[PDB]
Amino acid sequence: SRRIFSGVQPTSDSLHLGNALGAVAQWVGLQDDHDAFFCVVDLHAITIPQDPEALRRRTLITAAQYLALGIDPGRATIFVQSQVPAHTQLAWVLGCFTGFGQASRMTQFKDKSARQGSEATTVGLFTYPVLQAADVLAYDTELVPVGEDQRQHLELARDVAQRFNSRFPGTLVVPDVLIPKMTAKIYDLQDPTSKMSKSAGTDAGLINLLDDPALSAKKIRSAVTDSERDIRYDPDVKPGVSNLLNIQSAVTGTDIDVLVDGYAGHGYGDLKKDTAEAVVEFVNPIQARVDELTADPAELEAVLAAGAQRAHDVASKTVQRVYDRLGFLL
């Protein structure tokens, strides 16, 4: 109990600082006293066309980064979404309890639709949050740790679970949403008002965990700041400075107000230099672990096989409970 669920799409060869600090860092803090299911969501990945060889490789490398970021397979369950049929079974049912207008109002859908273009927009891009709701509800999940960009989808998940329970009392757990304050949004280093994301345009403002560390350090030294020459935490008026403090605090464990106090009299050169140095120290051990998990794959394959078995054992019972309440012949 204190059951928790969270997922990441295997859409690129590396997670970025947004994923690591907005999500996985909180997962690591929760796994020792929460029963945790961490998922690589390859079914969601194909809502955009994906190269098959890359998709398989990136599924593994995403799970590898979980382990390398501190996720403990002795304490948590790591598995691949497509390997547990219950997700799509529950997604079908929950679609029958999701409003069409409700789904069309999701920001992601609109943004994603704009990038793909219309009549090229597919049903899967539209039903995305219904499958996401199924991912969570299948495990009787009590809490979902994510970044801010996932909030609207999880509010749909809660709404749909409540609507289902309205007709079938007590069937699904309504999950609580757990979104950290400081790292809810890590921002792009070149446009500190946009969240760090792979669809940025160029990756000059994007910090990939597995990129050459000297390259990430360069990007950080080039981060956009302001003209004030005052290191002070204020996301609204000082986006780039605040984001750098956020990042350095998150990867070092030093509170911001302590960093800010310790930065009195310093310029932005030292803020960027120190943040770059802290990030390099952060990613070097991650990369070492990921390299070994990739070169010696049997360990990670055993973890995913074990995780799929345990995820199937839990999620299939949820489906049978839901199917029984609906009145399906069993």
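Between two forms, the rigid core is defined as the largest C-alpha subset superposing within 1.5 Å. The numbering used is simple: start at 1 and walk along the sequence shown.
| Divergent stretch in 5 other deposited structures of this protein, 138-146 or 176-184 [C-alpha RMS, superposed by the core] | It is 176-184 that deviates more in 5 other deposited structures of this protein.
| message | Once everything is fitted on the core, do the CA positions of 193-201 or those of 208-216 lie farther from the shown form in 5 other deposited structures of this protein? | response | Higher average C-alpha offset in 5 other deposited structures of this protein goes to 193-201.
| message | Tell me whether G117 is absent from the model in at least one third of the other entries compared, counting only those where the residues either side are present. | response | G117: unmodelled in at least a third of the other compared entries.
| said: With neighbours modelled on both sides, does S82 go without coordinates in a third or more of the other PDB entries compared? | reply: Other entries vs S82: none skip it.
| said: Using only C-alpha atoms and the B-factors in the entry, which stretch averages higher, 232-240 or 177-185? | reply: Mean B over CA atoms: larger for 232-240.
| query | Do the C-alpha atoms of 259-267 or of 286-294 have the higher average B factor in the entry? | reply | The stretch with the larger average C-alpha B-factor is 259-267.
| request: Please work out which residue in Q102, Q162, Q81, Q132 has the highest C-alpha B-factor recorded for this crystal structure. | output: Of the candidates given, the C-alpha B-factor peaks at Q102.
| Out of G205, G124, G147, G95, highest CA B-factor residue | Max CA B-factor in the entry, restricted to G205, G124, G147, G95: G205.
| query | Lowest, middle or highest third: where is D274 by Cα B-factor in its chain? | reply | Tercile = highest for this residue's CA B-factor.
| message | When the deposited Cα B-factors of this chain's modelled residues are ordered and cut into thirds, is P192 in the lowest, the middle or the highest one? | response | Highest third - that is where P192 ends up once the chain's C-alpha B-factors are sorted.
| Can you tell me which third, lowest, middle or highest, the CA B-factor of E142 falls into for its chain? | According to the entry, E142 has a C-alpha B-factor in the chain's middle third.
| Would the CA B-factor of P169 place it in the lowest, middle or highest third of its chain? | According to the entry, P169 has a C-alpha B-factor in the chain's middle third.
| task | Consider only the C-alpha atoms of the modelled residues in this chain, order them by B-factor as the entry records it, and name the third containing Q152: lowest, middle or highest. | result | Answer is middle: the recorded C-alpha B-factor places it there.
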